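What follows is one structure encoded as structure tokens, with my remarks underneath.
Labels below follow one simple rule: chain letters A, B, ... track the order of the sequence lines, proteins then strands, and each chain is numbered from 1. Just the heavy atoms: all of them, side chains too, but no hydrogens, waters or symmetry mates, feed the values below.
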There are 2 protein chains.
Amino acid sequence: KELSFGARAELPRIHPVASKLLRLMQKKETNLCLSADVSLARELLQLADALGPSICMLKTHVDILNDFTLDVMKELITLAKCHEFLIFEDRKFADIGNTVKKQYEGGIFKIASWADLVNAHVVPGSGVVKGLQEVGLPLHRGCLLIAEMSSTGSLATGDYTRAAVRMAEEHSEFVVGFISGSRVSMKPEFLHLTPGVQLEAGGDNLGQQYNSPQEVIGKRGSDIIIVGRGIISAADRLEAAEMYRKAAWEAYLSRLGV
Amino acid sequence: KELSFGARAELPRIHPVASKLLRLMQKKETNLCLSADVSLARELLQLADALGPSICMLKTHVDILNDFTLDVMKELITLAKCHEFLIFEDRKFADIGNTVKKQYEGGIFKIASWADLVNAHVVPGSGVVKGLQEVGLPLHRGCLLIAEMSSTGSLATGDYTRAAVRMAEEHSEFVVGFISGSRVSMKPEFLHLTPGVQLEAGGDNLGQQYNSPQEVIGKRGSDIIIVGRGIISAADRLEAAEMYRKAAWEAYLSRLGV
Ligand SMILES: *c1cc(=O)[nH]c(=O)n1[C@@H]1O[C@H](COP(=O)(O)O)[C@@H](O)[C@H]1F
Ligand SMILES: *c1cc(=O)[nH]c(=O)n1[C@@H]1O[C@H](COP(=O)(O)O)[C@@H](O)[C@H]1F
């Protein structure tokens with residue numbers, strides 16, 4: 001059998017951040033990551049508080065926050081601890097190792113000081129991971145590698161996707177899984193998180209493509225759905241989050257045998 | 001014959017930002033872009049002022065500035081106008097179109113308000129360019145596409161590089177050239193800018209690889225060298241910049257027939 005999230009949390013080679021995430025997914029019956037794509041701190045924090053019980057993870061783009069300060073992120077941490085979710089900065093690092101370490105630790109945002117997870121593109125080669133890990137390992141953080149993208153014309157296919165998987169294997173002390181559209185690794189230690197998710201068929205006018213939670217989790221074998229506009233643009237964002245949570249959770253149970 | 005920078009500035013299909021850059025390269029006898037990889041505003045501005053006459057372009061990572069404010073960038077603009085160089089934010093956008101437009105226009109940094117040029121990875125497909133251009137076209141800006149990377153294990157090779165070139169062709173109203181290690185397009189309208197440049201052989205401990213200006217400009221056919229540590233770590237950064245300027249310029253002249 002495929003192992004439950006709770007059993008995967010105990011695997012010998014599991015990363016501590018992956019284990020914490022898997023435990024809380026199991027406890028809370030949620031494999032939903034909220035993509036909190038808003039430009040105001042007040043809305044970010046109001047969403048994190050109201051939707052915290054429904055999510056395993058809150059994904060940020062702090063570079064879109066108009067009123068970012070480090071005190072906003074301290075508050076977000078308080079909510080993350082209160083409601084039990086991880087914070088994932090969706091920074092999609094994509095430069096040489098020497099540069100991404102600086103971008104991860106420093107500047108105004110100090111990402112590594114508050115983000116449990118970040119992600120990186122594999123296009124620069126494995127130095128991108130080596131650079132991030134210089135900062136992230138001492139801070140006990142984890143990283144996801146972008147093995148596939150949800151957008152039209154994505155070049156993250158075929159051998160590129162295979163290279164991402166190898167790179168994750170080779171840096172398993174820091175890399176905890178993937179951003180992908182589907183299961184890309186057979187090794188249950190790795191998490192699969194999938195953006196490009198809505199209940200209805202469609203896309204946007206700038207290349208985004210959507211697939212349903214049942215497709216993504218149930219048929220394609222991914223672990224967590226990442227949902228932005230499907231929730232954020234809804235009138236009642238709490239009920240929307242609950243719809244997405246129930247869809248992804250039941251897809252997971254049905255794949256497990258439950 | 002290959003056309004001089006001055007003649008390329010007049011090509012029918014030249015982008016206005018490319019034409020301004022080419023004119024100033026010609027006027028100033030410089031095809032050097034300073035990679036101003038420092039974490040303090042005072043050092044950024046002191047370098048921009050002292051090295052401004054020697055450079056065609058100053059490349060930033062504002063996400064590494066510890067004391068970024070928009071008033072720092074206004075000052076940098078003053079120096080850019082005074083010394084005649086373009087400002088290039090090396091943000092290496094790599095998300096879906098809807099997201100990168102937000103990251104380009106908004107947040108704390110307001111990149112599009114002060115950067116003449118930005119760059120983007122092609123991995124997401126052409127929506128990345130469509131999203132940036134939503135913001136950049138009305139602001140009269142330009143973009144470079146990352147067709148090749150300088151780092152060990154780069155996946156930006158073969159068909160990936162070819163896709164970058166096609167994508168540039170298809171968005172020539174906004175895309176003015178490439179970040180690459182070599183000439184990748186035959187069309188003289190496109191600029192080639194090459195990072196991974198030092199006078200001496202070597203690399204760093206996080207995957208960077210260096211080639212010389214003579215190799216990059218003279219043999220590989222690129223237009224502009226991008227140099228960070230080769231200048232920034234030197235004691236006399238002005239003399240280092242002049243060494244790099246003379247190397248790249250003479251390589252260009254010798255390729256032209258001069
Ligand atoms: C990143 C990588 C990828 O493959 N797709 C993708 O959409 N992203 C980011 O994920 C969310 C999707 O939000 P949406 O549900 O509103 O389309 C965005 O934040 C995007 F940046
Ligand atoms: C970006 C893309 C790429 O292919 N290579 C590369 O180095 N970058 C960026 O360019 C400079 C190189 O600086 P250096 O001369 O000190 O190595 C860095 O800012 C890096 F981010």
Distance-only donor-acceptor screen, chain A against chain B, under 3.5 angstrom:
| residue | atom | partner | partner atom | Å |
| --- | --- | --- | --- | --- |
| A/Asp63 | OD1 | B/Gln103 | NE2 | 3.2 |
| A/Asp63 | OD2 | B/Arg91 | NH2 | 2.9 |
| A/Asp63 | OD2 | B/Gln103 | NE2 | 3.2 |
| A/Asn66 | OD1 | B/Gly107 | N | 3.3 |
| A/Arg91 | NH2 | B/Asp63 | OD2 | 2.9 |
| A/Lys92 | NZ | B/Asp95 | OD1 | 3.0 |
| A/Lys92 | NZ | B/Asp95 | OD2 | 3.2 |
| A/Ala94 | O | B/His121 | NE2 | 2.8 |
| A/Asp95 | OD1 | B/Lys92 | NZ | 3.0 |
| A/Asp95 | OD2 | B/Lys92 | NZ | 3.2 |
| A/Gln103 | NE2 | B/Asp63 | OD1 | 3.2 |
| A/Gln103 | NE2 | B/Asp63 | OD2 | 3.2 |
| A/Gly107 | N | B/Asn66 | OD1 | 3.3 |
| A/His121 | NE2 | B/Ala94 | O | 2.8 |
| A/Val123 | O | B/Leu155 | N | 2.9 |
| A/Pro124 | O | B/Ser151 | OG | 2.7 |
| A/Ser151 | OG | B/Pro124 | O | 2.7 |
| A/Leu155 | N | B/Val123 | O | 2.9 |

Which bit of [X] is near chain B, if near means a heavy-atom gap under 4.5 Å: side chain, backbone, both or neither?
X        : value
A/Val122 : both
A/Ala94  : both
A/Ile64  : both

Q.
With rounding to the nearest 0.5 angstrom, report the CZ to CZ distance, A/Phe68 to B/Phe109.
A. 9.0 Å
Q.
Below 4.5 Å, heavy-atom pairs only: which of B/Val128, B/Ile108, B/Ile111 has the largest tally toward chain A?
A.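 Answer, by heavy-atom pair count under 4.5 Å with chain A: B/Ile108.
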Q. Given the options B/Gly131, B/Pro124, B/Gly106, B/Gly125, which has more heavy-atom pairs under 4.5 Å with chain A than any of the others?
A. B/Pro124
Q. Got a sec: does the CE of A/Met167 have more than 12 other heavy atoms crowding it under 6.0 Å?
A. yes
Q.
Counting heavy-atom pairs closer than 4.5 Å to chain B, which one of A/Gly153, A/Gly127, A/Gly207 comes out on top?
A. A/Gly153
Q.
With a 4.5 angstrom heavy-atom cut-off, is it the side chain or the backbone of B/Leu65 that approaches chain A, or both, or neither?
A.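 When you check distances to chain A, only backbone atoms of B/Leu65 fall under 4.5 Å.
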